[PDB]
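Student: From the sequence below, what's the structure:
(chains A and B, ligands or ions: 2)
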Amino acid sequence: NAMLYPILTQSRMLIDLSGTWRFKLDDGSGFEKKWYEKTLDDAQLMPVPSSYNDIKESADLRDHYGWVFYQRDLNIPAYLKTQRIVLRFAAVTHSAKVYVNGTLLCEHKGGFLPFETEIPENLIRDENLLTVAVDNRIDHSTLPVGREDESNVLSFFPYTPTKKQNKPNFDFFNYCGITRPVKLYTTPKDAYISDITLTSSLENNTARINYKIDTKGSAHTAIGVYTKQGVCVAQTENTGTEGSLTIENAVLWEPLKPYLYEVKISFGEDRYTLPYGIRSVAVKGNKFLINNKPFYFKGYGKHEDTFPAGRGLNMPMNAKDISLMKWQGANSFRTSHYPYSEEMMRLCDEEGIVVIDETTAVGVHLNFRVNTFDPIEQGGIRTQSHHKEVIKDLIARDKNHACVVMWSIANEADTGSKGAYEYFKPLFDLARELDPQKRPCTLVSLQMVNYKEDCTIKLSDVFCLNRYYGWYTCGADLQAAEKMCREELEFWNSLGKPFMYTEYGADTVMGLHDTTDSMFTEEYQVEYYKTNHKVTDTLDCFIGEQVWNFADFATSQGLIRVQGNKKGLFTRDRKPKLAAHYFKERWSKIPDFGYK
Amino acid sequence: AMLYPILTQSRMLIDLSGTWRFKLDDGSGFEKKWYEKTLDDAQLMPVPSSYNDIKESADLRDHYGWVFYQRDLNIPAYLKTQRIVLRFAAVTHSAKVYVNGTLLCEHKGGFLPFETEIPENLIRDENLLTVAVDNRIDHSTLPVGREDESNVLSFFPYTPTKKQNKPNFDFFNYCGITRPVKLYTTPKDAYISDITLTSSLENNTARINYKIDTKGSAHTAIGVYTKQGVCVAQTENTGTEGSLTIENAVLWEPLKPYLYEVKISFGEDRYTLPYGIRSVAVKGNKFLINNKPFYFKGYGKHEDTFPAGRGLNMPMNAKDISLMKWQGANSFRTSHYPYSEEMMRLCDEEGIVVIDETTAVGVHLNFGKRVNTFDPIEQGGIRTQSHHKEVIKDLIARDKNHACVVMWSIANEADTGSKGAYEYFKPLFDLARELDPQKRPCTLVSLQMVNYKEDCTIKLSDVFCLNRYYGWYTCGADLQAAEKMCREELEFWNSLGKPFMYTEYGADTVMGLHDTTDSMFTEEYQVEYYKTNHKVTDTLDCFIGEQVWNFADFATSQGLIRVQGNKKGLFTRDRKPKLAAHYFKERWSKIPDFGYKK
Ligand SMILES: O=C(O)c1cn(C2CC2)c2cc(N3C=CN([C@@H]4O[C@H](C(=O)O)[C@@H](O)[C@H](O)[C@H]4O)CC3)c(F)cc2c1=O
Ligand SMILES: O=C(O)c1cn(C2CC2)c2cc(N3C=CN([C@@H]4O[C@H](C(=O)O)[C@@H](O)[C@H](O)[C@H]4O)CC3)c(F)cc2c1=O
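Tutor: Residues are numbered from 1 along each chain as shown, chains lettered A, B, ... in the order given. Ligands and ions are numbered 1, 2, ... in the order given. See the structure here:
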């Protein structure tokens, strides 16, 4: 469960296994014929990390259904065997089977969170083959959810598909493969650090770090806290597993003004250094408080999506995206609709970007007659069990990030229907139990005629609304959109708790224009946002605006998707639309703290 | 004299526009007298329109020389009792007009109207109307063409396949029957040939001085009616000159037009002229319209739309005016040639101020011995002055009564910083001032030059109109440098104490190109370019106007710096707003038409 980010330390090797791997589509016989026991024959080459769907020009590759096999050679020095040898997969989408030589080492379900496995030393021969089989199939038991009929979420006349294909119950393309880096790392065999938990206490004008260090084996523990320049500001040797350290002259991590201490931990020979921002988060009344100050979210729902790697880790684009958000005056984004790479989370900690951290739970809705949360034995959704593992794993991975201020339990589940509360109650209970910082929890609310029956009202600390007044309703009638927006949002405002837009927007094709309200035009995108803001700016409990979307991104094919989703403020190659300049202006006049 | 043809109780108006026959000259069309017979093995061509872009043929688009238009003209014999006139609103560049193989008139100059009577003895039961149209330009035409086969915009020399017009200007050489051809009639014996109005405000009373030019003997009557139809002045049997007064006259104002109806009668002849009452005066560093300090907000335009080229496009005229009101503009310049009468009449009706410009662009021979632009014709200098005088005469004759016209532009980017320039232009300025009854300000539009203090506009113009490209043709992608060099020069102009303005400034911008970091040709750079210029101009009290280059992308000759034409529009060629169009809507919404710099 514990998943420390792998780093090069005095006690820990870090070997990146990324590069060109061999790649072979499964044809139904791949496991029967035990392809993982030899070199892949008649194979292609595929970059790792990357989604595989867009690297070639093959529609059958892009739209492949089922398994693929990745493989590479792994010839490592024998003196590594004096250490504990670990294979870390930061993400394999959606499910993986990992083989070393002929031998199945592990299997994983869930395409967006890391997993790892020791390599037993009796298995390492002189030359080794690493094989990773990757399953892309989605159904009523996976997160994200796939449809199990021939229905498309986006048809006039019915037809029989040529081949079976995944049918996403979500509005983004089903990019799969070895999405994020594969690495080999080592620790001391006999005594090593397995996890680190840090929390902050700011009471009585005294900043303290509380630590809890999880180990394997028997040794002595030490912890030191260091400034960015390397001055030790607190340290203790031969400590317990738990304790606290006072940080005199503590500098707080603040949105757009990050400060990270370096927390170095020793256990026997093992050494691990964890960056850590000191800050508090709390919901009080109708305010979202960061370091006891009333925060206003300004930003976006995002996607991990770039050409040609798809969902694949793209670190230059990560840095470019954060630079664009600072240029635009944003302070935050949400990990729509899955955990993002640790490289992104760590960069956000470094750059002072606030993150709403979301699970993989999109598509938990069977009625976009069996109801979504009917009993499984009557056709209800089969995701609750995996939904708990995802929450456990997500919090275990990201718990120490200062940038994470809120957990989002699901995106647009069927939360107005019968049984939703009972499905979601244990998941909220679990997230509150597991997060040592006890951060606020929410689910992101689907737009819905019976919004007063949204079970978010009974569960969430912040109400997060996805609303499309002026796009999916009142299209090209913004005066009607304004009225419909005000009627519903005055209800939410009357509940006295913080609420916010986590999505709102309008599909906009760069280069289409009209001085007169016309859907898909750059001007309409601006007018859409002006209309919504006319309402939200008058509501004192509305504490944040995150647009849909930061940038255009790939989706499944359909009559309402113009080469993907076009609601980005930026294009897929990160060029500003008219509305992106509109937001730079607007967000320049709105402070991070004390707007409402 | 050139009154706008209208339908009246005494005047037929028959539009001959439509599909005409069309044939390229192969070098034998005059020798074989194609105008004597139905054109043979011909195409069809819409009239009015430029003919260059109607088909798909480079040889058509880039034709050098003559073409022949032709249609049948079968007119009712009843009209033989009337005087019958063929009016050509514009034929670009030069024309020879034949009826039934008899040459009736020729005309030089592609953007001003001309007419001829059809002799009654020439009219048969069936008639042919043939118009031969010359597209060639050289050192004697306005606009000026180069005579050296070089491009005004090559890295390695080459021999051209065919001889082509080489413009000495930055816009495509669209030719053809650009504006409507109409047949109209008047009485034979006595008819009105011209009308001249001037006005003077005495408290709230306007005095309208009139001169009515006529042919024949009869009695002249003039009447002035409100829009709603109430007579508010009338005098009978007044002869040629005279005056009359309007009590509590509604004045014509920018963006708040008011037009009276002036009804003239002479014998049987009847003509109605719309007329707005307003004053124009330069006083100090002020441009006074109705005695208030005006600030120009607008553009240099072109008459340019797809596929008609330069051709009259009346829906797009209304669209463009509607866009300027959307953007908050109040004015434009007719760069670089007189526009259609239909645009000018619409500007009067909509309240848009116009700087009316002659065709004189390219008067610059230094843009086996080197030559000076204004050397003697014998010594190789430019040969345009005599035609230049005729263009000034005809332009003012056509447009003198427009309330919207507030300033005459004698030339665009001529060689005004070289020797002889003053001697070329002084008679033209004197000519313009002599012939305009309203005595409106005169300017020449000044090319960017290193020796700008030597520009002869300083000796001649009432307003200094500058074309400057700080941040585009100089200091490109160095907008800090642009701001410093802009300030250094404009402070000089500001120190002269007379009104000055930008008549051009801009940056080629391809819709859909973007960058957050300053990069030429991107939409963001266009905005930053303009912001940098306004940092300077907004601090200079004599700077009384900003007209961008250009309203909309337009066609030009081909070259390595022309990205399918000129891309400096705030709007695309199909009138879609770039980022900078929205920037100017914001900027002009916060700048008043009057009293910005008071
Ligand atoms: O053809 C139509 O008529 C409609 C089609 N679709 C589906 C997308 C094809 C609708 C979807 C609705 N929901 C689906 C996604 N929710 C968020 O919206 C973003 C977006 O759609 O841009 C997604 O990208 C985000 O991931 C997701 O969170 C919005 C609400 C809806 F309310 C109405 C319609 C239609 O009316
Ligand atoms: O304004 C003009 O008239 C000319 C302008 N330039 C400018 C440099 C563009 C010329 C350049 C010449 N070189 C020609 C080929 N070089 C190759 O060509 C590519 C390209 O230019 O696309 C570059 O990208 C490659 O790196 C380089 O190997 C570049 C330069 C030239 F011969 C004439 C001109 C002009 O005549």
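
Student: center of chain A - which residue?
Tutor: residue A:339 (2.0 Å; CA atoms, centre = their mean).

Student: Spatially nearest residue to it, not counting backbone neighbours?
Tutor: Nearest-residue entry for residue A:339: residue A:112, 4.8 Å, with adjacent residues in sequence omitted and distances by CB to CB, 6 or more residues apart in numbering or on different chains. C-beta: built from backbone N, CA, C; applies to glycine.

Student: Could you pull up phi and psi at the residue nearest to the centre of chain A?
Tutor: Backbone torsions of residue A:339, given as degrees, to the nearest 10, read phi -60, psi 140.

Student: which residues touch it?
Tutor: Residue A:339 makes contact with A:112-113, A:357-360, A:394, A:397-398, according to CB atoms under 8 Å, 6 or more residues apart in numbering or on different chains.

Student: just those now: which is nearest residue A:190?
Tutor: residue A:397 (25.8 Å; CB to CB).

Student: Quick check: that closest one vs chain B, distance?
Tutor: 33 Å (CB to the nearest CB, to the nearest Å).

Student: now swap in residue A:78 and tell me
Tutor: Going from residue A:78 to chain B by CB to the nearest CB gives 51 Å.

Student: Counting neighbours, what do you get for that residue?
Tutor: 9 (other CB atoms under 10 Å in any protein chain shown).

Student: Run through the residues that contact it.
Tutor: Counted by CB under 8 Å, 6+ apart, residue A:78 has contacts residue A:124.

Student: Over to residue A:149?
Tutor: residue A:167.

Student: Secondary structure element for whichever residue of chain A sits closest to ligand 1, which one?
Tutor: Going by CB to the nearest ligand atom, ligand 1 is nearest to residue A:171 of chain A, at 3.5 Å. Assigned by DSSP states H and E, residue A:171 belongs to neither a helix nor a strand.

Student: Please name the nearest non-neighbouring residue to it.
Tutor: Once flanking residues are discounted, residue A:171 sits nearest to residue A:555: 5.6 Å by CB to CB, 6+ apart.

Student: now residue A:459, nearest residue through space, not along the chain?
Tutor: Spatial nearest neighbour of residue A:459, chain neighbours left out: residue A:428 (5.0 Å); criterion: CB to CB, 6+ apart.

Student: so that neighbour, which of the three states?
Tutor: helix (DSSP: H, G, I helix; E, B strand; the rest coil).

Student: burial count for it?
Tutor: Residue A:428, neighbours per other CB under 10 Å, totals 20.

Student: Break down the stretch 451-596 of chain A into its helices, ranges please.
Tutor: A:456-459, A:478-494, A:522-536, A:578-588 (DSSP state H, counting those that start in this stretch).

Student: which residues touch the last one?
Tutor: Contacts of helix A:578-588 from elsewhere in the structure, counted by CB under 8 Å, 6+ apart, are A:298, A:327-330, A:508, A:522-523, A:525-526, A:529-530, A:533, A:547, A:569-570, A:576, B:524, B:579, B:582.

Student: host element of the residue nearest to residue A:339?
Tutor: Using DSSP H and E, no helix or strand contains residue A:112.

Student: Pull out the buried residues from stretch A:144-157.
Tutor: Neighbour counts over stretch A:144-157 (16 or more other CB atoms under 10 Å in any protein chain shown) mark A:144-147, A:153 as buried.

Student: Check whether the residue nearest to residue A:339 really touches residue A:338, as I assumed.
Tutor: Yes: assessed by CB atoms under 8 Å, residue A:112 is found in contact with residue A:338 at 4.1 Å.

Student: what's the overlap in contacts for those two?
Tutor: Common neighbours of residue A:112 and residue A:338, counting by CB under 8 Å, 6+ apart, are residue A:360.

Student: What residues of stretch A:26-37 count as buried?
Tutor: For stretch A:26-37, using 16+ other CB under 10 Å, the buried residues are A:26, A:30, A:35-36.

Student: Just those residues: which are in helices?
Tutor: Judged by DSSP state H, helices contain none of these.

Student: Tell me which two in these are the farthest apart.
Tutor: Among those, A:26 and A:36 lie farthest apart (CB to CB), at 11.1 Å.

Student: OK, contacts around residue A:16?
Tutor: Contacts of residue A:16 by CB under 8 Å, 6+ apart are A:181-183.

Student: Quick check: beta-bridge partners of it?
Tutor: Note on residue A:16: beta-bridge partners by DSSP bridges are residue A:183.

Student: Selecting buried members of the contacts of helix A:578-588 in PyMOL, what would you type?
Tutor: Buried members of the contacts of helix A:578-588, defined by 16+ other CB under 10 Å, are picked up in PyMOL with:
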select buried, (chain A and resi 298+328+329+330+508+522+523+525+526+529+533+547+569+570+576) or (chain B and resi 524+579+582)
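
Student: ok, which of the contacts of helix A:578-588 also contact ligand 2?
Tutor: Filtering the contacts of helix A:578-588 for proximity to ligand 2 by CB under 6 Å from any ligand atom leaves nothing.

Student: So which residues on chain A come close to ligand 1?
Tutor: A:153-154, A:171, A:337, A:411-412, A:447, A:466, A:472, A:503, A:548, A:560, A:565, A:567.

Student: same thing but at 8 Å, please
Tutor: Neighbours of ligand 1 within chain A, by CB under 8 Å from any ligand atom: A:153-154, A:170-172, A:301, A:336-337, A:362, A:368, A:411-412, A:444, A:446-447, A:466, A:468, A:471-473, A:503, A:505, A:507, A:548-549, A:555, A:558-561, A:565, A:567.

Student: List the beta-bridge partners for residue A:197.
Tutor: In this structure, residue A:197 bridges to residue A:212 when assessed by DSSP bridges.
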